[PDB]
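**Student:** Residue numbers (the authors' numbering), protein chains in the order written: chain AB, 774 to 795; chain AA, 774 to 795.
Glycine is no exception: its CB is placed at the ideal position from the N, C-alpha and C atoms.
After the structure tokens below, expect a handful of questions from me.
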């Protein structure tokens, strides 16, 4: 039931934030 | 494999593509 966080992009925002900081 | 790819950045990138092209 983890996909609820994956369907709604709670997981992509953090990766984008990380990528911009790097 | 699905967990690795990022559906967020590709959408953002296509958006920037079109907004510049305009």
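Would you verify that the beta carbon of residue 795(AB) is, or is not, closer than 8 Å to some beta carbon of chain AA?
**Tutor:** For the purposes of this step, residue 795(AB) is taken as residue 22 along the first chain, with counting starting at 1. No, residue 795(AB) lies away from the interface with chain AA (no Cβ there is under 8 Å from its Cβ).
**Student:** So, is the C-beta of residue 780(AA) closer than 8 Å to a C-beta in chain AB?
**Tutor:** By 1-based counting over the second chain, the position of residue 780(AA) is 7. Residue 780(AA) counts as touching chain AB.
**Student:** How is residue 776(AA) classed by DSSP in three states: helix, strand or coil?
**Tutor:** Within the second chain, the letter at position 3 stands for residue 776(AA). Here residue 776(AA) sits in coil by DSSP.
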